[PDB]
């Protein structure tokens, strides 16, 4: 679910606040249109597409689905004790947190003019 996602980002990017990734570029937080403005914005794009596919599973609502995982000092792991929906969602989240960790964060791409910068 949304809270567990927030907690994965904390695992991999402890230095940053979850709020920083909530309104970044064209895909982080909101977004589904434009072109990723940068690497991090692309991570968000990819996570978006990932959630899309998980939704193709009946009764799978990504932000509401609680899954089983563990953060062990910068390391994320989704557990086996998850159903199809929980398993797919945890992997999307897990991969987005890792992506956020190796993508540089540009301040100027934070809280941008969607209309002006996103197709």
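Numbering follows the first chain given and starts at 1.
**Student:** Taking only the CA atoms, which stretch has the higher mean B-factor in the record, 82-90 or 51-59?
**Tutor:** Going by the record's values, the stretch with the higher mean is 51-59.
**Student:** Look up the CA B-factors in the entry and say which stretch, 38-46 or 68-76, has the higher mean.
**Tutor:** On average, C-alpha B-factors are higher across 68-76.
**Student:** Going by the CA temperature factor in the entry, name the top one among 101, 22, 11, 95.
**Tutor:** Highest C-alpha B-factor among the listed options: 22.
**Student:** In terms of the chain's CA B-factor thirds, is residue 1 lowest, middle or highest?
**Tutor:** Middle third of the chain for residue 1's C-alpha B-factor.
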